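*Asks:* What follows is a structure written as structure tokens; I'll ask about it next.
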Amino acid sequence: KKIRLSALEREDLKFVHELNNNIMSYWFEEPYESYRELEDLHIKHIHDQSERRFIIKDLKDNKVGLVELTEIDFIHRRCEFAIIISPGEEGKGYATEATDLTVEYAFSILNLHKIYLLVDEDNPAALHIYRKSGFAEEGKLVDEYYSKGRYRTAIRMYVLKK
């Protein structure tokens, strides 16, 4: 309502790249750095339903941020949720609106069952927002990731349908 979701197109790639310059970034599980890389990967996997991405646009249709549905499995019906918001739009949290919206798309459209996501121990802020979205921790992964000199630990939270 304060925001809308747009299906990612080719013209949106530039914006995506600009975001991830802020860490190893993956496109369909294939890592990339340069724009050209991403550009190629986009075309290559374009018909792959394995993942789905949306651009978050404000009322003015400026590009607010990104949301990624990855690791989609149509048997177990689960996808990994991830969301990124531009450094300018971090003000009154721009996640919940977008977040809860995608969750509907997942359940009410893709007809999925469970959605999960990963967050650092050290990012409590967004950790709450997720819980206020109906998420709850199903696990805590020790040394699951390596970021900035030290193995980090990520919290895995989920939500069911119905």
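The way I read the labels, and the way they are meant: chains A, B, ... in the order of the structure tokens, residue 1 as the first residue of every chain, and ligand 1 as the first ligand shown, with later ones counted on from there.
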Assign secondary structure with DSSP using the backbone only, and return the residues of region 16-138 of chain A in alpha helix (DSSP H) as a count of residues only.

*Replies:* 34

*Asks:* Enumerate the residues of region 60-94 of chain A with a DSSP assignment of strand (DSSP E), computed from the backbone, and present them as an MDAnalysis selection string.

*Replies:* chainID A and resid 63:73 78:85

*Asks:* In Å, how far is it from CA of residue 89 (chain A) to CA of residue 117 (chain A)?

*Replies:* 21.3 Å

*Asks:* Restricting the calculation to only C-alpha atoms, which member of A:17, A:77, A:1, A:131 is positioned closest to residue 156 (chain A)?

*Replies:*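 Looking only at the distances to residue 156 (chain A), the closest residue turns out to be A:131.
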
*Asks:* For residue 137 (chain A), find every residue with an atom within 8 Å (counting only C-alpha atoms), except residues of its own chain fewer than 4 positions away, and show them as a ChimeraX atom specification.

*Replies:* /A:155-158

*Asks:* Got time to write the residues from that selection, N, CA and C atoms, as a tab-separated table (two decimals), in the first residue's frame?

*Replies:*
chain	number	residue	atom	x	y	z
A	155	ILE	N	20.78	-16.89	12.00
A	155	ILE	CA	19.54	-17.42	12.54
A	155	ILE	C	18.56	-17.73	11.41
A	156	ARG	N	18.08	-18.97	11.36
A	156	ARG	CA	17.10	-19.36	10.36
A	156	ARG	C	15.68	-19.31	10.91
A	157	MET	N	14.85	-18.47	10.30
A	157	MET	CA	13.47	-18.31	10.73
A	157	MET	C	12.53	-18.70	9.60
A	158	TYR	N	11.30	-19.08	9.94
A	158	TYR	CA	10.36	-19.55	8.94
A	158	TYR	C	8.94	-19.07	9.20

*Asks:* Show me, as a list in words, the residues that have an atom within 8 Å of region 22-36 of chain A when counting only C-alpha atoms, minus same-chain residues fewer than 6 positions from it.

*Replies:*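 Contacts, in chain order: residues 14, 42, 45, 50, 51, 70 and 147 of chain A.
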
*Asks:* Now that the selection is made, can you save its residues with N, CA and C atoms as a PDB file, in the first residue's frame?

*Replies:*
ATOM      1  N   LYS A  14      21.048  -2.965 -13.750  1.00  0.00           N
ATOM      2  CA  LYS A  14      21.954  -1.909 -13.311  1.00  0.00           C
ATOM      3  C   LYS A  14      21.731  -1.571 -11.842  1.00  0.00           C
ATOM      4  N   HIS A  42      21.832 -13.388 -16.264  1.00  0.00           N
ATOM      5  CA  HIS A  42      20.413 -13.081 -16.394  1.00  0.00           C
ATOM      6  C   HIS A  42      19.806 -13.758 -17.619  1.00  0.00           C
ATOM      7  N   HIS A  45      19.865 -17.821 -17.368  1.00  0.00           N
ATOM      8  CA  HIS A  45      18.881 -18.436 -16.480  1.00  0.00           C
ATOM      9  C   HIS A  45      17.473 -17.860 -16.633  1.00  0.00           C
ATOM     10  N   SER A  50      13.491 -21.673 -10.924  1.00  0.00           N
ATOM     11  CA  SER A  50      14.128 -21.982  -9.647  1.00  0.00           C
ATOM     12  C   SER A  50      14.097 -20.795  -8.691  1.00  0.00           C
ATOM     13  N   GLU A  51      14.268 -19.596  -9.236  1.00  0.00           N
ATOM     14  CA  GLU A  51      14.272 -18.385  -8.427  1.00  0.00           C
ATOM     15  C   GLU A  51      13.342 -17.330  -9.008  1.00  0.00           C
ATOM     16  N   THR A  70      14.572 -17.552  -3.556  1.00  0.00           N
ATOM     17  CA  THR A  70      15.528 -18.518  -4.081  1.00  0.00           C
ATOM     18  C   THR A  70      15.224 -19.928  -3.591  1.00  0.00           C
ATOM     19  N   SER A 147      32.269 -13.892   6.984  1.00  0.00           N
ATOM     20  CA  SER A 147      32.154 -12.498   6.581  1.00  0.00           C
ATOM     21  C   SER A 147      33.092 -11.599   7.376  1.00  0.00           C
TER      22      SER A 147
END

*Asks:* Could you jot down the CA of residue 61 (chain A) to CA of residue 123 (chain A) separation for me, Å, one decimal place?

*Replies:* 28.7 Å
